[PDB]
Amino acid sequence: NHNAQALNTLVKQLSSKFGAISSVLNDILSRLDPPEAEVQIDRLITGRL
Amino acid sequence: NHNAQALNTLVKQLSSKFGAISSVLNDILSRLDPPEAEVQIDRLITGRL
Amino acid sequence: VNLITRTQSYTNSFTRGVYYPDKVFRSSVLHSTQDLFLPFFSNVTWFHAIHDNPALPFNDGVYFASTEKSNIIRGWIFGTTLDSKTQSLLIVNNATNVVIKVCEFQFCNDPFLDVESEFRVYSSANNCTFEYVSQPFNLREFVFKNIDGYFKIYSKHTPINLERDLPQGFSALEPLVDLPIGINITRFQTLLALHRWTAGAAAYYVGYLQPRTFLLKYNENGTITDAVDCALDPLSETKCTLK
Amino acid sequence: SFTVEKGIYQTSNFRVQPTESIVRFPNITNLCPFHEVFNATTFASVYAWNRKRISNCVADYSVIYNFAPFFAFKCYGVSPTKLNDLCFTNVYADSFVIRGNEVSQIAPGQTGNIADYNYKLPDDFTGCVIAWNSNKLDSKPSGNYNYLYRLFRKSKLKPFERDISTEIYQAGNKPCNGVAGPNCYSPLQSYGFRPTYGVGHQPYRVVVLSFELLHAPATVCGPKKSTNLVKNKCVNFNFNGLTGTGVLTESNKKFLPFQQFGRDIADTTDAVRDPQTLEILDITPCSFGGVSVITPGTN
Amino acid sequence: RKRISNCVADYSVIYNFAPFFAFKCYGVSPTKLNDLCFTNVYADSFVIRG
Ligand SMILES: *[C@@H]1O[C@H](CO)[C@@H](O)[C@H](O)[C@H]1NC(C)=O
Ligand SMILES: *[C@@H]1O[C@H](CO)[C@@H](O)[C@H](O)[C@H]1NC(C)=O
Ligand SMILES: *[C@@H]1O[C@H](CO)[C@@H](O)[C@H](O)[C@H]1NC(C)=O
Ligand SMILES: *[C@@H]1O[C@H](CO)[C@@H](O)[C@H](O)[C@H]1NC(C)=O
Ligand SMILES: *[C@@H]1O[C@H](CO)[C@@H](O)[C@H](O)[C@H]1NC(C)=O
Ligand SMILES: *[C@@H]1O[C@H](CO)[C@@H](O)[C@H](O)[C@H]1NC(C)=O
Ligand SMILES: *[C@@H]1O[C@H](CO)[C@@H](O)[C@H](O)[C@H]1NC(C)=O
């Protein structure tokens, strides 16, 4: 039960925005120029780490 | 002693600014418009977490 | 003219008024969503109109239920003053089309269709910009709301058993139309069709929505079959917390 | 290190790579009427702003630079250079004229006379604002009085709300009865526009473009060619601006008529509807895995 | 340099006295100046190049 719960929580954590416009990398890349895109990608990277 | 010290440290940690203008949410909310206010609130949230 | 009268009563809503919160397909999952829903086990008002002084507030949304068969109900009106000083909607439905206009109508105290002249509904309409014409749209349930200038309508009609009171079970509603009205709405009225006048009778159920958080259950086919209201009783709160 | 001891080591991963690309856009042939919004030679007042709806057309935003002598866009949700790739549901254009020192008030989360009583923007606005000077067209030597703004109101305005009623604001307890007496005011003051005023007191024409995110079938976006559809291959796909990589297969899911996308637990799109032929497809990432190396000592 | 104290401050009317474009504030926001209450105000005026 503990292993399944931990894995499920880890998978479910991928839907958080962590303060960004969106939780999908492709949408952020397509909706913004790069220089505005690194600052959005950094929040997601830090949250997942 | 360990329990008391841990609780006291946790309570005392609430006075840090973590790089914001102030450590009080009400002052930040009253002194700034919202769009400048989320970026100030985020630092406090991350520090407390 | 004033020739229509109304009477009130109260009844229990049980668990009715669930609609799909978004146009996204899901299956075999439990989803928690915060929106405007009709609370479970709440008083809804039963209105009997016989041949009206409708000051019915709009609040944050309206749930309308009709179990009639003679098909006498036609359209609705929304506004805040219902005079020439403020624009008002004129959703009117007939056999072949539906027409939505929001102009500065001068409505009468008792509006109804002559049956098909609207002279008994309003007198004049001078300034407006928005018009819409489309295809017209057993128990029928409708949900009307407005958020940030967007007026949204959900609807669902289902065959019903021979029972006067509302049934037991679940039946999800589906969205039809969202429009950019962008005005202030406080009051709403309902229109009736009277032939020539001949006496008539009608009955309907009215309820008000509130901001609530719900836990919806999706089956393997993608339809909503069960719901839990997280602010009803401590047991439901525990169920929502435990997911 | 230059030497390896005996054992098994987890080194890296393997993945199948894409073969080609796919673009699928709906059937649109007409051109958007962006020309009518600009150079209209007549703009409405701020208290009654003009709204226009744009749908079912191909949008080319670059030509917008050739219609008005503005300096640059001010977009919030997206970038101006990326507007030629995204595909939206509907477009709204709101036009009016304001003073020079009020352009800063047309922004999400702003407070002021224009923001409170004339024009309010939502806190989650996704669009662009274009304002440019019009001193040559909206100024007279004797003063222009055809532009008015509201100053008195009982309460603030919700986003995208318009007020046209002209009444008498009643500050005092006594009823005004429609006369301009003490404590009773007319909540409409006319802008005083003259060519001798400073740059901060000159008329400015403002146009706000608002986009709707993709929730319904798309209707407005740029001229991108649509290629053919190929399945059973790890390929790059682009469906109405949704880009991804994977294998596309026929889907058995029973989509409702108003549903266009399908999601999973991890909030990743796995079911799509083709814009041209209304068919349901499912997407699966192509093969991937891990590689381990077994070796004795290098000695 | 001018010192301002013991008065009610309405900053909006400042927009009606000079043909400037917008404020450039650092510690606070221009729209929130009508709610805060301070101790003293100082105004420094001069002329420089563009
Ligand atoms: C509905 O109203 C009746 C009286 O009007 C009251 O007795 C009853 O408790 C109410 N029901 C609910 C759920 O509040
Ligand atoms: C319904 O109303 C529309 C517009 O008012 C009209 O064109 C149409 O003929 C009407 N249909 C019937 C059956 O009355
Ligand atoms: C439109 O509005 C104006 C002012 O709000 C009013 O004077 C006029 O009577 C209305 N109707 C027409 C047709 O202009
Ligand atoms: C609508 O009008 C009513 C009555 O004048 C007013 O109280 C309310 O603030 C207005 N706005 C909204 C959003 O209800
Ligand atoms: C799902 O649909 C299939 C096919 O119609 C049907 O056999 C099955 O009973 C349905 N299941 C539910 C839970 O509705
Ligand atoms: C736009 O409007 C101006 C108004 O003077 C007119 O001269 C011009 O011909 C119009 N068209 C273009 C393409 O500028
Ligand atoms: C779109 O156009 C193609 C022709 O290239 C046609 O085959 C297809 O049926 C059209 N689809 C729609 C929805 O109009």
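Throughout, protein chains are lettered first and strands after them, A, B, ... in sequence-line order, and every chain is numbered starting at 1. Just so you know, ligand 1 is whichever comes first in the structure, and atom 1 is the first atom listed for that ligand. The figures that follow rest on heavy atoms only: side chains count, while hydrogens, waters and symmetry mates do not.
Side chains of C:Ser13 and C:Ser42: a donor on one and an acceptor on the other come within 3.5 Å. Using modelled atom types and a 3.5 Å distance limit, the side chains of D:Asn240 and D:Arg24 yield no donor-acceptor pair. No hydrogens or angles considered: nothing links the side chains of C:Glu141 and C:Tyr19 as a donor-acceptor pair under 3.5 Å.
For ligand 4 and D:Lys158, the ligand atoms under 4.0 Å from any heavy atom of the residue are 13 (C). Each of the atoms 2 (O) of ligand 4 lies under 4.0 Å from some heavy atom of C:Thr80. Residue C:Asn184 approaches ligand 4 through these ligand atoms, each under 4.0 Å from one of its heavy atoms: 1 (C), 2 (O), 3 (C), 8 (C), 10 (C), 11 (N), 12 (C), 13 (C), 14 (O). Taking a cut-off of under 4.0 Å to the non-hydrogen atoms of D:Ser155, the atoms of ligand 4 that pass are 9 (O).
At a threshold of 4.0 Å, the pair D:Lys120-C:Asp148 does not count as salt-bridged, since none of the basic side-chain nitrogens sits closer than that to a carboxylate oxygen.
The shortest N or O to N or O distance between C:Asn126 and ligand 3 is below 3.5 Å. For a threshold of 3.5 Å applied to N or O pairs, the pair formed by C:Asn127 and ligand 3 contains at least one separation below that value.
Checking each of D:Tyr149, D:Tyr47, D:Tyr119 against D:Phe96 for a side chain to side chain contact (heavy atoms under 4.5 Å, CB included) leaves exactly one that passes, namely D:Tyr119.
With a 4.0 Å heavy-atom cut-off, ligand 4 is reached by no atom of D:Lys154.
Every protein residue with a heavy atom nearer than 4.0 Å to ligand 7 is included here: D:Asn27, D:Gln276.
Partners of D:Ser165 by side chain to side chain contact (heavy atoms under 4.5 Å, CB included), not counting sequence neighbours, listed by chain and number: D:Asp163. Remark: E:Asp10 engages E:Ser12 in a side chain to side chain donor-acceptor pair (under 3.5 Å) (not counting sequence neighbours).
Legend: side-chain hydrogen bond (donor to acceptor under 3.5 Å, both in side chains) pairs involving residues 179-194 of chain D, not counting sequence neighbours, sorted by first then second residue: D:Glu102-D:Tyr191.
With a 4.5 Å cut-off on side-chain heavy atoms, D:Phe261 and C:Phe25 do not count as touching.
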